[PDB]
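Listed below are the residues making up each chain.
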Amino acid sequence: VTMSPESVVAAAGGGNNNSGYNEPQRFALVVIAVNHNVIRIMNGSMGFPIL
Amino acid sequence: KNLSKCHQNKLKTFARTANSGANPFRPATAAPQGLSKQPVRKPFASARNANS
């Protein structure tokens with residue numbers, strides 16, 4: 001990921017009143033993945049054949 | 001045809017529930033009770049008799 005000049009200037013301070021970036025800013029990258037799975041029901045109890 | 005990067009054979013595992021929790025169990029063994037001779041045995045006191 002390549003960031004933006006607005007982000008790099010918001011990370012530094014120097015903002016005036018009611019500007020949002022009046023204080024140094026910290027950022028956290030988060031990634032999530034939605035995937036498939038298989039659930040087998042047998043003999044009344046559940047289990048994961050592939051886990 | 002093929003690729004210049006071998007795909008390693010990752011380990012394959014599966015999860016078995018086996019034993020259940022507590023819902024479809026109850027005691028499931030009727031009410032088995034009863035005990036053998038208790039450690040503190042009670043002595044047999046002498047049996048006295050009372051008459052006029």
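Criteria and thresholds
Note on numbering: positions run from 1 along each chain as its sequence is written and may not match the entry's numbering; residues without coordinates are not listed. Chain A is the first chain written and ligand 1 is the first ligand written, with later ones labelled in order. Keep in mind that this is only part of a larger assembly, and the values describe that part, not the whole. Hydrogens are left out, water is left out, and the side-chain values use all remaining heavy atoms of the structure. Residues with missing side-chain atoms are left out of burial classes, side-chain pairs and their counts. Residue contacts are counted whenever heavy atoms from the two residues lie within 4.5 Å of one another. We call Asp, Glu, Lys and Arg charged. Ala, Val, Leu, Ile, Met, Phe, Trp, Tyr, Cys and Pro are nonpolar, and the rest, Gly among them, are polar. Paired strands are those between which DSSP finds at least two bridges. Elements are defined by DSSP. Helices are runs of H or I of four residues or more, strands are runs of E of two residues or more, and each kind is numbered from the N terminus.

In the PDB header, cryo-EM is given as the technique by which the entry was determined, and 3.5 Å as its resolution.

The PDB entry lists chain B under the name VP137, with Singapore grouper iridovirus as the source organism. The title line of the PDB record says "One asymmetric unit of Singapore grouper iridovirus capsid".

By the naming in the PDB entry, chain A goes by Major capsid protein and is assigned to Singapore grouper iridovirus.

In this assembly, seven residues from chain A lie in contact with four residues from chain B. When grouped by side-chain class, the residues that make up the side of chain A that touches chain B number five nonpolar, two polar and no charged. Bridge count for strand β2 (residues 45-48) of chain A against strand β1 (residues 15-16) of chain B is two bridges, and the pairing is antiparallel. Residue pairing in the sheet places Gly47(A) in a bridge with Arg16(B) of β1(B).

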